[PDB]
C-alpha cells in the first residue's frame, strides 16, 4: 500500500518502548487513538481504520501509537505501565520534535471509543500540544453518574482491569479532574477545533471495542454537545446520524469525512 515507519519510541514514564506507526507528511501531525480493545503491536487505525491510505499526501504527518488497550489513554494512579497522558502530551511530541523534525504543538488528536475520550481530554488540558480534537463514539463525560459505573463494569468484563486504580474510586471525585464535559470551558475558550461524531443508536459490531457500553458513549456525546454550546463554544462540528455502527465500519469512512477539517485546522 504505502511504506511507513514502525517507530519504537521510548516512554520513560511507562518503562518501555511504545510502537508508533509514523507517516511523515509535514511538521504538524494527527495522533490516532484506538478503541478499547486496542492493537498491542499495530494500531487498529492502520489495519481496520485504513488511516494511511485515507490521510497520505495531504501535508500532515500521521502518528498511531499501539499498546494502549483498556487505558482511557490517561495516567493511572496505580498502574505504572499506563501513563498515556504523559506519553501522548509530552514524551511522544518531544521525541518527534527531537528526532523527526516535527513542530512541538498545533497537532490534532483523533480517536474512537476510549480514543475519542483521549483526544478530547488531551486538547482540553494540553491546548499547547493539540489545536484539534476529534471523537467518534467517544466517552466524553466519563465522570457522569451512570457512565462511571458503566466504564468500570465494561473495563473489568472485557479488559480484566479495575478502574479504581485509574482515577481512584469515583466517590472521591477525581474522575471529574480528567473529564472534558466537566472542563468543556477549557475547550471553548482555547478555541480548540472540536469534531464530534456519534450515531443515535447503541449498535456495536464489536462489543469489546465499546466495552459493551455504546449507549453511554451515545449519551456522553450528546451531552457534550449541549455543554460545549452552553459554555460559549463556537468552533465545533457535530454530527449525530440516526444510523451507523459504533465500530470500524463507520469510523474508517468518518476519518475520510473529517480529513479536510483536520488539514484546515493544523496545516
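Positions refer to the first chain, counted from 1.
- Higher average CA B factor: 151-159, of the stretches 67-75 and 151-159.
- Of the two segments examined, 56-64 and 30-38, it is 56-64 that shows the higher average Cα temperature factor in the deposited entry.
- Of all the options 14, 21, 9, 258, the entry's greatest CA B-factor is assigned to 258.
- In the deposited entry, the Cα temperature factor of residue 193 sits in the middle third of values across the chain's modelled residues.
- Ranked against the other modelled residues of its chain, the C-alpha B-factor of residue 146 as given in the entry falls in the highest third.
- For residue 89, the recorded CA B-factor ranks within the lowest third of the chain. Only modelled residues enter the ranking.
- Among the modelled residues of its chain, residue 224 has a C-alpha B-factor that falls in the middle third according to the deposited record.
- Residue 164: CA B factor lies in the highest third for its chain, per the PDB record.
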